[PDB]
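Below: the structure, in structure tokens.
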Amino acid sequence: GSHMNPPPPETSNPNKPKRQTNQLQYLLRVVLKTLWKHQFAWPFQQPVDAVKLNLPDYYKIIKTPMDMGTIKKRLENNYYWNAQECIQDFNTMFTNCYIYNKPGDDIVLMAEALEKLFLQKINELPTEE
Ligand SMILES: NC(=O)c1ccc(I)cc1
């Protein structure tokens with residue numbers, strides 16, 4: 001894409017140790033699955049394209065970007081060591097939205113719907129076995 005967008009977050013790095021856990025499996029099969037198909041998922045399914053959206057200040061404000069397209073790749077391509085890393089990525093994505101946008105903007109209401117679902121699912125994150 002544009003040189004004016006940053007490179008996306010890291011999704012493949014052989015030097016980073018990887019592991020499957022039952023909790024990571026749940027994050028892919030239950031959490032990402034649920035949120036990805038939500039009616040309000042589409043703004044969150046790829047990195048913010050600040051050029052196409054005419055938001056030239058986006059990456060001036062948001063220095064820790066994250067999105068569900070990146071999280072999907074990290075889950076599918078076994079990037080994580082533990083569930084906390086992936087939960088933190090979801091939380092970063094929501095917080096970016098809430099920091100950049102005005103409360104009550106459509107995108108914020110969309111993020112909040114996804115976050116409510118997220119919280120319900122993470123409350124049932126299975127005990128690590
Ligand atoms: N700012 C927005 O509402 C928005 C962000 C990403 C996409 I793709 C569409 C809209």
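By order in the structure tokens, chains are A, B, ...; within a chain, residues start at 1; ligands start at 1, following the order shown.
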>> Using only C-alpha atoms, which protein or nucleic acid residues come within 9 Å of residue A:90? Drop anything in the same chain fewer than 4 positions from it, and give the result as a list in words.
In response: residues 66, 67, 68, 71, 86, 94, 95, 115 and 118 of chain A
> Counting only C-alpha atoms, what is within 8 Å of residue A:113, bar same-chain residues fewer than 4 positions away, as a ChimeraX atom specification?
Replying inline: /A:40,109,117
Take the residues just selected and output them with N, CA, C and O atoms as a short mmCIF file (atom, residue, chain, number, x, y, z; two decimals), in the first residue's frame.
```cif
data_model
loop_
_atom_site.label_atom_id
_atom_site.label_comp_id
_atom_site.auth_asym_id
_atom_site.auth_seq_id
_atom_site.Cartn_x
_atom_site.Cartn_y
_atom_site.Cartn_z
N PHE A 40 -20.56 -5.28 12.88
CA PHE A 40 -19.75 -4.08 13.03
C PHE A 40 -18.25 -4.38 12.95
O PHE A 40 -17.44 -3.47 13.25
N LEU A 109 -19.14 3.32 18.80
CA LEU A 109 -20.25 2.42 19.14
C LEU A 109 -19.98 1.02 18.57
O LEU A 109 -20.29 0.02 19.18
N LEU A 117 -18.84 -8.19 23.44
CA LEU A 117 -18.79 -9.59 23.09
C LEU A 117 -17.47 -10.18 23.55
O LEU A 117 -17.42 -11.33 24.06
#
```
>> If I take atom CA of residue A:23 and atom CA of residue A:37, how far is one from the other in Å, to one decimal?
In response: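 Interatomic distance here is 20.3 Å.
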> If you count only C-alpha atoms and all ligand atoms, which residues end up within 9 Å of ligand 1, as a PyMOL selection string?
Replying inline: chain A and resi 42-50+52-53+55+97+101+105-108+110
>> Nearest residue to residue A:10 out of A:116, A:73, A:63, A:102, using only C-alpha atoms?
In response: A:73
>> Please return, as a count of residues only, all residues of stretch 11-124 of chain A that DSSP assigns to helix (DSSP H, G or I) on the basis of the backbone.
In response: 67
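If you measure from each of A:64, A:79, A:25, A:38 to residue A:13 using only C-alpha atoms, the closest one turns out to be A:79.
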Which residues of stretch 35-84 of chain A sit at most 10 Å from stretch 119-129 of chain A, using only C-alpha atoms? Give each one's shortest atom pair and distance in Å (one decimal place), in chain and ascending residue order, as a tab-separated table.
```
residue	atom	partner	partner_atom	distance
A:35	CA	A:121	CA	9.9
A:82	CA	A:128	CA	9.9
A:83	CA	A:125	CA	9.2
```
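When only C-alpha atoms are used to measure the gap to residue A:57, the shortest distance among A:1, A:33, A:100, A:112 belongs to A:100.
Taking atom CA of residue A:80 and atom CA of residue A:6 as the two end points, the separation is 21.9 Å.
Take atom CA of residue A:76 and atom CA of residue A:58: the distance between them is 27.6 Å.
Among the candidate residues A:27, A:2, A:9, A:103, the one lying nearest to residue A:51 is A:2, with distances computed using only C-alpha atoms.
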